[PDB]
Amino acid sequence: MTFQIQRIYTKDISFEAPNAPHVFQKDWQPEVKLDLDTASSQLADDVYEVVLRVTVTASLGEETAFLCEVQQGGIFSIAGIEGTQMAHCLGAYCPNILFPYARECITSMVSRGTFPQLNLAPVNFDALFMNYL
Amino acid sequence: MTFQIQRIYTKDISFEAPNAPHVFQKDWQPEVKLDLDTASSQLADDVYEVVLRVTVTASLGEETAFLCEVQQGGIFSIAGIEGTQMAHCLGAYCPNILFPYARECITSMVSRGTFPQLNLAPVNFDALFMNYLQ
Amino acid sequence: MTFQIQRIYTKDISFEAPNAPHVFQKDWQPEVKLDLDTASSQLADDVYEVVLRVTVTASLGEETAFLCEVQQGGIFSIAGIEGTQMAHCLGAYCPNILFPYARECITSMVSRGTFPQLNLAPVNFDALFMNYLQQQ
Amino acid sequence: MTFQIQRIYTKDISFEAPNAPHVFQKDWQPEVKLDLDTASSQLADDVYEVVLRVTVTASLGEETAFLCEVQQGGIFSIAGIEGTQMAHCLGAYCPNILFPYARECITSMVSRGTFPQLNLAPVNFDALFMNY
């Protein structure tokens, strides 16, 4: 086969601390909720675009601490592979490459908002793909 | 008198690259529009919040390259002054303290989008305050 | 068998652009040389640390553009595996898990250096290990 | 004065956590030491490079938790001022512009090393300039 990463970029970034000023009085580890989405598309022949969307909802007590979302995209060149092997390349292999980027983006945004450190636990995309089927 | 930065933080951040995949093919001939907005607030006696909103729009003709908005806030302990003095501090001095941080947040977002570097030009807040002041 | 990632962290990060800013006068794609190095060590029973060292040497023309090095470590819980299989999980499986984070780290520092984007190409550690074995 | 930011970039970044593994299970009571240094130089007519070096040391006694250093550069077009005015622009105004990027850079490195959040307090480059 043939695989080549052509570009990696953030298509969309969002961070919100609606109750920010006053919710700071609540100093502790906020309950976090993570959500993932992966969608691809063919930009040209053997040139695809995979997008990884990661949403993190956090709350302190009974109120929102912050909401953060990121859509991390990448352009890849895939050849030789096809059928199921391809579905797995774009649905698990590429998102796995992009996860570190989205993860860091979220960590950076959370840090900018002056909230407690937030490190997304590693995700097994291979396992997640096995549930998509 | 007493000035004290108690906290610097981004209340909101938004970056959008609608035609992301393809807009990278277009030649880099952007029109960058900048919009600034300021708002203060008393949170407690002598404790004020100042929020600087910086909005950046970049277009390649009629096709938007990316939109960046950032609400850079800060909590300040101010005391000993009032009237126009305090008004100047919250409308010019404080936002001037916040701009450098909003600048870096925007550069970082733009760089994450994988667009050419963008470093906002300094802003004369003392001049914008005067225009309003009279 | 049991396998859980307990932590991912950077033990050492290094970025250097010795010829900056004059070297920025060369606005084209840098040639990139990549070097990998791995290692591990047991911390307890069924607990191991694996460290992946990625070194990137880039140059524009006949002069250095930048040097970037990263030591990406991780602590893993591994049980139910032994002998040759454990050595491969440590010298290949784990390094392969750490590479994604090392790439993102390198991309980020290269971007902070304001050089063209660098996204390291995937690496087949299985091949790199088998080649390592037939050399001892 | 004719001021214009031409480019901002890190010339050097270094992060080290020698006893990384073990140090993670130690009682978090570090002695954070910060050190700021600033230098400048002319590149061409009215074009200057300003470099802000930030050094952070985190120790639990003699047990170093991590050492982080960043050299944050910036190329600036400056014309119209000179003497004390130009001197202040290079030693405080420009560094003030670079501090957010050096601060963020340190924050990220420390976060990447999975150590507790480290947010450098604001710096009054105008006050430091007075001393000099």
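Any chance you could get the radius of gyration and Dmax over the Cα atoms of the protein assembly as shown, in Å?
Using the Cα atoms of the protein assembly as shown, the pair Rg, Dmax is 24.1, 82 Å.
Longest span of chain B, sites excluded, free of GluC sites (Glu not before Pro) in DSSP loop with at most 10 other C-beta atoms within 10 Å? Provide the component values of the computation, followed by the final result.
Values: sites that count: B:62, B:82.
Maximal segment without exposed cleavage sites: B:1-61.
Could you work out how far helix B:94-113 tilts from the main Cα principal axis of chain B, as a 0 to 90 degree angle to the nearest 10?
On a 0 to 90 degree scale, this one is about 20.
Under a point-charge model restricted to the Cβ atoms of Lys and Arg (+1) and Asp and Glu (-1), what is the dipole moment magnitude of the protein assembly as shown relative to its Cα centre, in debye to the nearest 20?
Working: 28 positive and 60 negative charges, 10 e Å.
So the magnitude is around 40 debye.
Grab the eigenvalues of the alpha-carbon gyration tensor for chain B, scale each by 5, take roots, and send me the semi-axes largest first in whole angstrom. Numbers along the way, then the final one.
Values: eigenvalues 227, 45, 21 Å².
They are 34, 15, 10 Å, listed largest first.
FYI, it's all coordinate maths here, none of it is from the lab. Reconstructed Cβ throughout: ideal geometry from the backbone, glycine too, with neighbour counts over all protein chains shown.
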